[PDB]
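Encoded as structure tokens, the following chain is the form deposited in one PDB entry, with no partner shown.
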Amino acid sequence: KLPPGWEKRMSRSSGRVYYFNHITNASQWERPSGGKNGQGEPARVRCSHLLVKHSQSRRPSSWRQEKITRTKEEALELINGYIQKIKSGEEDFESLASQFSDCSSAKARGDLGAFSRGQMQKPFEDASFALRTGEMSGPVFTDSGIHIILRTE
């Protein structure tokens, strides 16, 4: 039981039990399922994303700044903060992506349109295809930087 990549975990040095997805890096308190079988993954998905680059990005530059100097660590710090703000309900994905995404797609509020496998960097693709409609990933690491992915279709 439990959909692809999902496993019950516990925070280190704590008694907090949650569910974590090994493919999307998403964490949630809620059990990810309650049967459907032989479903596989979708052949095509539509996602939006929020990218936070760092000094180690293949191209450490964006519409936000000519030279990204933040470290991988600081980038992750920011990504976790954005995820926290979205999950709290205080800020929505689209407004945060429009303001803070280091990807040009920020102009379209982070929307990347629909795509199939073979287009995006492997970890990005793996996470995108492991998300069910409406789900949001955790921190996804690619050569571009760190992403938060939202599956819209």
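Definition used throughout: the rigid core is the maximal C-alpha set that superposes within 1.5 Å between two forms. One-based numbering along the sequence shown.
The next section is about a form of this same protein that is not shown, the form deposited in another entry.
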If you fit the rigid core between this form and the one not shown, which of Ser95, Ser104, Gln65, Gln121 ends up with a C-alpha shift of 2 Å or more?
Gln65
So that I can tell if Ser55 moves, could you say whether its C-alpha shifts by at least 2 Å between this form and the one not shown after the core superposition?
no
Quick check on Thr133: with the core superposed, does its CA move 2 angstroms or more between this form and the one not shown?
no
Compare the CA separation of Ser13 and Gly81 in that other deposited form with the one in the displayed structure, and answer closer or farther (the difference is at least 3 Å).
closer
Note whether the distance between the C-alpha atoms of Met136 and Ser13 decreases (closer) or increases (farther) in that other deposited form, against the displayed form; the change is 3 Å or more.
closer
